[PDB]
A.B. asks: 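Encoded as structure tokens, here's the structure I'll be asking about.
One-based numbering, in listed order, for ligands and for the atoms of each. Scope of the values below: all heavy atoms of this structure, side chains included, with no hydrogens, waters or symmetry mates. Lettering of chains follows the sequences in order, A, B, ..., and the numbering in each one begins at 1.
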Protein chains: 2
Amino acid sequence: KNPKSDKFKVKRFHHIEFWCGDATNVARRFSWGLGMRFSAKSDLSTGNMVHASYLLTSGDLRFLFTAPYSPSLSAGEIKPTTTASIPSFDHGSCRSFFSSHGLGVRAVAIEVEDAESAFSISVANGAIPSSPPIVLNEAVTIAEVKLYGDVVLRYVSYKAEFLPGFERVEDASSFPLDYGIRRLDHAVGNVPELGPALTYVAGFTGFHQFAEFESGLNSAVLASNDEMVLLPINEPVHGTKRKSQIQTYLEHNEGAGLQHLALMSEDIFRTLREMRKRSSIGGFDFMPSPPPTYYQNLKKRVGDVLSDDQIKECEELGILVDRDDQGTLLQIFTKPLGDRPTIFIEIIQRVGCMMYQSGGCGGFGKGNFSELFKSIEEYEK
Amino acid sequence: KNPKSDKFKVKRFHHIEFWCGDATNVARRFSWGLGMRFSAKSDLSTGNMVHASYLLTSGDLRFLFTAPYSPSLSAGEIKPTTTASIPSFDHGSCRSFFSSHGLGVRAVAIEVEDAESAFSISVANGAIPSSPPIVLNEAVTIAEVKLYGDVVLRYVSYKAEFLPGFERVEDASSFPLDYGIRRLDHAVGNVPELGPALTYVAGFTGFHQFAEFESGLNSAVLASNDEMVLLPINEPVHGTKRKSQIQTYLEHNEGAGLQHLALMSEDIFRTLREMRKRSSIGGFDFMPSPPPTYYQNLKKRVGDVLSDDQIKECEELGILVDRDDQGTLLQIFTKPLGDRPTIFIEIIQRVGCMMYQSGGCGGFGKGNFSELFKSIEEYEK
Ligand SMILES: O=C1CCCC(O)=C1C(=O)c1ccc2c(c1)N(Cc1ccc(C(F)(F)F)cc1)C(=O)CS2
Ligand SMILES: O=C1CCCC(O)=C1C(=O)c1ccc2c(c1)N(Cc1ccc(C(F)(F)F)cc1)C(=O)CS2
Ligand SMILES: [Co+2]
Ligand SMILES: [Co+2]
């Protein structure tokens, strides 16, 4: 059931912004590890005396990396005279965020029809304001409300190239890397209490709960009208045999925040081949692969969707598979992206639900909790 | 002239430590960009609840990258019960350093015969103490005095594997990258006033001034007894036509600090081939190359040291060449390593002064100031 209750018109995920101590090194690491090209910049070379911001793209996926300069460079500015290209940026907020949480997502940005309206309607319906609507070069409007922890939900709307004040990156510095990643599928938050977090976010967005089908979590998913914006939220379950890794997240992150970004690939086999080639030469590492019993058990579960060779290809790459009532999911998870056991990345490709593919086809992999345990005990043998 | 006036026995450069906001991403970027292997770690997985520290090595060159965890992880510890492997580390100092300066060098570490003696003699001769001598596992002693700005000169001495509490990195995570870099040749600081900085450092070390042979700087070089530890220092020259980039450094860095690290290569052609292949895929960028007139003029200057093809190879890679009375220098410079126009890297190889090669053979390239200007005006033509 989908009541289509959005309180304002939402389009798609637009970008994800990381707050960094040094944007250059994080962006260069992520570019090589994920196959994303350098697409836009706003920094000293474009007249921005406030923050360094670098944009990576792969298909429609947009990762923004931002770090503050010395405040002394902009000490004479006021907001009316700012050289910052992102008017919501604040040196103190950024330093406090990074000192508190380490490297992580500050903003989950969605494109909307009218960011000013989205902001006003959100706040009228309980959203905590974070940055008011600001019109950039009479062309783009940006606004921000609190999502959870120190993560903001950012609204961007365009009258008609990322943001005014950003410059497209010279061809020489823009190597055309591409490992097949094409868009953000979903963005997941960890909170201490799922109930109040859901009530808050669904309260100000009108997002509805997305249909689903001992491991230390309870989760639910909020979705926009066409279910293309997907915001799962997890809470820890206490007193379990193994300590909840949602709780470990909350401790190491100093509270609620973004747990993982799931990136859709148009060819998850190619994406994982390319990412795994680079794991130990600057890229990303992956979680340990499931035992062979897991891939033996895939025959019974998805033998009508994947051939033997395609299943063997999943085994070679450590890819997980899940299925719900409408579709099939291929997924795999990275180790944490930085020093802390907090944020990680999921790579996903979905099979089925063709009408374009409908959002969330195959679910989010909750069936793999039981299938992994069963596989581990069976391989124990 | 070399008076050999060291006040304590100094051996070689031992390591350089960067203070980071996220050590993982900087280390992975540097590893790929410079061809350095992951060699040791001290972090949550080794029982360190205080800081994440990752060691990269190439030959004898050792780069350490360190970032603080949440203080809450170690809030019950005191110094007698610390789980930090580097006892001089302090969360507040590290966060303050990185917020003030951005990514940069905190420690220039030299191996000495007796770090406790080196510390005591240094302080008795004017050194400002930063961290007292601490004996680690009855095997290594570490001590720190202020060098310039917030950079410390770190003394390490071994009774007899980086530091106790560090673990060697698993083979799978340790890809054997190598682009030919073999050791730290020299480490250069920028200060507002060269005179007082030289008097201070030479005062507490006994290091002597190293023999040399409009551009915005005055510089001098301090050297140990065998001139293998080399510490140049620059000050800005004001009122020049082009603003001194020493002064730009001081402004963007919020004061004095480490300007560049010069890394000796055993094959600078191979090093530059490998680094330039990776510039736009996560590695380091290089300064713009000199005009062809510069390489035409190399015939007269070093035609007795390099063949035509070797000179042409220099031109293909943008390598600079200088010569003093004893030897010849090949050098090239990266663009800044991070967001701020502050720290950069030099790659160097020296030709001559064979007895082993004596330290500083060929100088530091000061002749390239005039040779570059002349080349630029001649190519203007
Ligand atoms: O989990 C949820 C809730 C719903 C919205 C969401 O998108 C997801 C996932 O993406 C997801 C689903 C199933 C699995 C999985 C991730 N993971 C990674 C992993 C390890 C550990 C823990 C934790 F310790 F926190 F419980 C959670 C996740 C696997 O390794 C195979 S099972
Ligand atoms: O400079 C010094 C002093 C002595 C100890 C030292 O090791 C060095 C060098 O390594 C060195 C020497 C000559 C050159 C050079 C670097 N560089 C980079 C560069 C650009 C700009 C400015 C500045 F703007 F600050 F003046 C300084 C340096 C070149 O590009 C070719 S000339
Ligand atoms: Co997921
Ligand atoms: Co130099």
A.B. asks: Based purely on interatomic distance, does A:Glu212 place a nitrogen or oxygen under 3.5 Å from a nitrogen or oxygen of ligand 1?
C.D. replies: no

A.B. asks: Give me the atom names and distance for the closest heavy-atom approach of A:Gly318 to A:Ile332.
C.D. replies: O-CD1, 3.5 Å

A.B. asks: Is the contact between A:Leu320 and ligand 1 made by the side chain, the backbone, both, or neither, using heavy atoms and a 4.0 Å cut-off?
C.D. replies: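 Side chain only.
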
A.B. asks: Would you check if there is a donor-acceptor pair between the side chains of B:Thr24 and A:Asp339 at a distance under 3.5 Å?
C.D. replies: yes

A.B. asks: Where the Co ion (ligand 4) is the corner point, what angle links NE2 of B:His186 with NE2 of B:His260, to 10°?
C.D. replies: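 Seen from the Co ion (ligand 4), NE2 and NE2 are separated by roughly 100°.
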
A.B. asks: Which bit of A:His186 gets closer than 4.0 Å to ligand 1, counting heavy atoms only: side chain, backbone, both or neither?
C.D. replies: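 Contact part for A:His186 vs ligand 1: side chain (C-beta onward).
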
A.B. asks: Could you tell me which atoms of ligand 1, counted from 1 in the order shown, lie closer than 4.0 angstrom to a heavy atom of A:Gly365?
C.D. replies: 12 (C), 13 (C)

A.B. asks: Under the ring-ring contact (aromatic ring centres under 6.0 Å, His included) test, which residues partner A:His15, sequence neighbours left out?
C.D. replies: A:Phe162

A.B. asks: Heavy-atom distances under 4.0 Å are what count here, so tell me which part of A:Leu372 touches ligand 1: side chain, backbone, both or neither.
C.D. replies: side chain

A.B. asks: Just checking B:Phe18 against B:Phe63, ring centres under 6.0 Å apart?
C.D. replies: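 For B:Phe18 and B:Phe63, the ring centres are under 6.0 Å apart.
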
A.B. asks: May I ask which of A:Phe364, A:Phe369, A:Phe210, A:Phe333 has a heavy atom nearer to atom 18 (C) of ligand 1 than the others do?
C.D. replies: A:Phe333

A.B. asks: Only one of A:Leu230, A:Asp322, A:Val188 passes side-chain contact (heavy atoms from CB on, under 4.5 Å) with A:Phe364; say which it is.
C.D. replies: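 Only match with A:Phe364 under side-chain contact (heavy atoms from CB on, under 4.5 Å): A:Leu230.
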
A.B. asks: Angle class for the B:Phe284/B:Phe30 ring planes (parallel below 30°, perpendicular above 60°, tilted otherwise)?
C.D. replies: perpendicular

A.B. asks: What residues form a salt bridge (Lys or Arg N to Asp or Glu O under 4.0 Å) with A:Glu313, not counting sequence neighbours?
C.D. replies: A:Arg273

A.B. asks: Quick one: does A:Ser219 get an N or O within less than 3.5 Å of an N or O on ligand 1?
C.D. replies: no

A.B. asks: Does A:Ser215 come within less than 4.0 Å of ligand 1, judged by its heavy atoms?
C.D. replies: yes

A.B. asks: Under 4.0 Å between a side-chain nitrogen and a carboxylate oxygen: does that hold for B:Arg62 and B:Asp60?
C.D. replies: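 Not counted as a salt bridge, because no side-chain N and carboxylate O are separated by less than 4.0 Å.
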
A.B. asks: Can you sort out which atoms of ligand 1 are near A:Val188, meaning under 4.0 Å from one of its heavy atoms?
C.D. replies: 7 (O)

A.B. asks: B:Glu346: which N/O/S atom is nearest the Co ion (ligand 4)?
C.D. replies: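 Looking at B:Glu346, the N, O or S atom with the least distance to the Co ion (ligand 4) is OE1.
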
